[PDB]
Amino acid sequence: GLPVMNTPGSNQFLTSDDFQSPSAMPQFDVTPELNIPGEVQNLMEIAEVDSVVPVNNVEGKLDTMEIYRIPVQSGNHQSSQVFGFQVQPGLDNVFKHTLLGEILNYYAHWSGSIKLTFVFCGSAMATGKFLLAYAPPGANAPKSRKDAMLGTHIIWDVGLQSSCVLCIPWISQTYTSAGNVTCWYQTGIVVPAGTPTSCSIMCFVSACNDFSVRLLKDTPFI
Amino acid sequence: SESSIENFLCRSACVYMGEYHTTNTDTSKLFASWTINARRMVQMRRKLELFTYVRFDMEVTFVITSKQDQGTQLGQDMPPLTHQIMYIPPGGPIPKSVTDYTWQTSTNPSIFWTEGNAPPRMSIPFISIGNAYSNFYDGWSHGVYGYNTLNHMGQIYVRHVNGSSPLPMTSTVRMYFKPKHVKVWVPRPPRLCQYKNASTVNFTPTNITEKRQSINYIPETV
Amino acid sequence: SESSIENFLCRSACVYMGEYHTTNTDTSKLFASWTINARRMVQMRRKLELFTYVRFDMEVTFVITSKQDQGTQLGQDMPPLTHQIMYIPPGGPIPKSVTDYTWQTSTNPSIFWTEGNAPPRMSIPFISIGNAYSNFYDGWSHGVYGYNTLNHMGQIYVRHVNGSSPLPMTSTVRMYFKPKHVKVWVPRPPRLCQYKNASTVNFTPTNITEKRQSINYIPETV
Amino acid sequence: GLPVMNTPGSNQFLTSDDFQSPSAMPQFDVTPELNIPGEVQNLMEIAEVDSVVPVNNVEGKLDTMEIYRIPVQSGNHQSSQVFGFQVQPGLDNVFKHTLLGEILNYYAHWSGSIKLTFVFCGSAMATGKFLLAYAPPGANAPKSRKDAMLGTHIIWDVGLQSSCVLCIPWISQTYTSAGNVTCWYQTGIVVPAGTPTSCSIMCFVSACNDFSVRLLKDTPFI
Amino acid sequence: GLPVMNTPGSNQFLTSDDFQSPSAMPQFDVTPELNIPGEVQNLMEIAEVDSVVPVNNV
């Protein structure tokens, strides 16, 4: 009764299938759910959290806390460069092991926009100015303070603000073909008497609201 | 939408590959055995360490192959082999040999299967008197650190269903595991250390990230 | 809800494992035989002794394997084997050899089956001129104590469906048994004695429980 | 006609399946049901019955009726202990083979609340007082009558009541980590002339209305 | 198309089954029925007839 015809694909085990399954313990009532705080629906909720960037990743300081501190030096040096890096998460060693970097290495294609945040950790009596400049992907890094001023920049006065936030629009993956950010001494740091000498900058990276990821893969870290 | 929790975890993997014989002189090589903990498959382990408490159903498919020994005897005309696959809930009896009475108890769910057919499959509910499983536990059992008694989830035993004085063959089982209806709580930072053992969180100190030339170094634009 | 009667009893188990040949010199080793009483499988026996009268349907699945003898002859090219499985109601004729006329009677339900296919399966109604089966009977048959004639439930015979002068092979059958639509009456206390035979309630005197140090002894709190 | 596609899981015999089955005797009308008294729907109906506890389970008296009697002695002993035990059904040898204990050993996880009942079986002319004290799980057993009075207790006057009932809320399973109950001489027993010397206490255990069991398993008794 | 899943019990021949079957002669019109007297619906109609007992079976 009920004539029936087997199609090809019968009696195979496909690893990605979504069929019903017989339960092995039908006479069993599961424990009811408890409202635990902190439920996660989506991995973008983890990527949209700030985490500290190891910018000072040079030889000798890779297992100390000194990797996280940008070394602002004292004196009059009002044209030199403070730091510079490309904005390439998932690939570049600066951004590779952050909270945003670890999530991006489970996916093969991703694109979105990034929020950077800089914090000056000096004494309350220090004042001075910095220049934060952004070059788009395709453009070269600036070589002086003057041609960095001729691009997109912002002048940050640490005597009036302790922090400066920066949103970067065009981010994706595939000798860089990526944008970069550099910082330049506009003035130099001025102190009164009886203060510490050196000062430090820290950096935080996060992801803005629109961020897309595709093609779940294996992670290349273990 | 591909970063949803369900698409990130509801995926199959091989977790155990054992071998077992029809006749031997060891009596532990006559059946196959696996304790079911979620800390001994390195595939799913690192993906679960992003969360503190998890709750899911489990789906298990089996792939079984056989061969005849190259010892002495050819010209056989054997019928297809039968296999018994027994699941033990947390708190059931454990066999010691293949001839034990515990293979016949009415409360261990068991599957009988003969070769040539579709691969076998059963499903497990959330079996815990608590309200969620625990990926992390800071404390004692009652005394082993890190281990509690709410993550008991059971065992799996496999043997041949021959008669008396059988023919010598050796079989192999692959167990494929897959979680369904997954819910997670309290996200954690990823594991920046290679796993050492399958019970603790022990490690060796590793560097935070990789080095570069200087703090100003940006590679040349193509 | 897991302590309901249906979830406590509606579960499968192997009850008989016999062996039978295609050609022999014994003529009783050419077929397989089992009288169906519910007092010779120790799996379901103790779970049934909690009740006095029971009523259920029965579901039976068969798992059958074969092999060729290691005697002398190799190089064969045999077709798949056919098997006959005959159920006899209470009050039907009984065969004496495999060549008997009683294998062909129109009132014994029979199943024919060839190897490589899904395992065979048939279902039995409640077959009793009484209104329930009896787990316990305090009286005589008419004279055997404890045994009445209302618990007759039938027999099972299996043989090969070869032609004339066959090839030497030996087969094995596993019978899997499962009750459905179960109803019970008059609960009893459990059996605090090891079962001795499969017909009576005979036993040896055993202790009520296990001992301890004194009547005040409580083990130390951890 | 009707194109059809076989999914994996075809032609397997799964021991826990719930499929339709072909009937072997369709031309058969079953005997109608009879309304026998004492029908059981659930195993909690067996656990919610009182049964006598073998409290006096010491060496020498394990096969006599003397195992069930608590030995109240005469004279003036008005600070000593009469008995004490932990309340751990299924594990502890005191409660292991009762009606509640035998049901609990078919399940791997259970939890509920217990009702104890004590009965004084002396002569009608005896009078005196006892103290029944309960310590929660985690707390130690008391060592005197005074610190048992400082906990949760009840003073039982057998000249006015022959019985005293006790409900215990927090019961589960996994050097005890369980609650316990002890009995202390408050006064001592006073008799007139021409009475028997010794007296006895009996104990009954049952389960209250809320009791849950999960994960049907094999029983570790045969 | 139409995902489908084989259950156990497939491709067995059970002697008591009640399935449809393909007809081997579809282009064939059977002979119509004739009203023959004495149609039987049930074996109790045979048992409810008197028959002579061999009592003197010595």
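General observations
By letter and in written order, the chains are A, B, C, D and E; residue numbering begins at 1 in each of them.
Throughout what follows, contacts are C-beta pairs under 8 Å (C-beta built on N, C-alpha and C of every residue); 3 or more make two chains touch, one makes a residue touch a chain.
Of all chains, the one whose mean C-alpha position sits at the greatest distance from that of subunit B is E. A count of contacting C-beta pairs for D-E and for B-D identifies B-D as the more extensively joined pair. When every chain is represented by the mean of its C-alpha atoms, the one lying closest to the mean of all protein C-alpha atoms is B.
With centres taken as mean Cα positions, subunit E sits 78 Å from subunit A. Separating the CA-averaged centres of subunit C and subunit E is a span of 31 Å. Centre-to-centre separation of subunit A and subunit C, using mean CA positions: 68 Å. Rounded to a whole number, the gap between the C-alpha centres of subunit A and subunit B is 35 angstrom. Looking at subunit D, residues 3-17, 21-24, 106-107, 177, 214-216, 219 sit in touch with two or more other chains. In subunit C, the positions touching at least two other chains are 2-4, 7-8, 11-12, 42, 61, 63, 109, 116-119, 121-122, 176, 222.
Of all residues in subunit A, only 3-14, 17, 19, 21-29 touch subunit D in the complex they form.
Subunit E makes touch with subunit A in their complex at residues 1-6, 18-20, 22. Of all residues in subunit A, those touching subunit B in their complex are 11-13, 15-16, 21-25, 28, 30-34, 36-46, 54-59, 62-63, 67, 70-71, 81, 83-86, 93-94, 96-97, 99, 102, 106-107, 138-141, 175-177, 180, 182, 213-216, 219, 222.
Those residues of subunit A that touch subunit C in the shared complex are 26-29. Interface residues of subunit C facing subunit E in the complex, by the touch rule stated above, are 109-114, 116-122.
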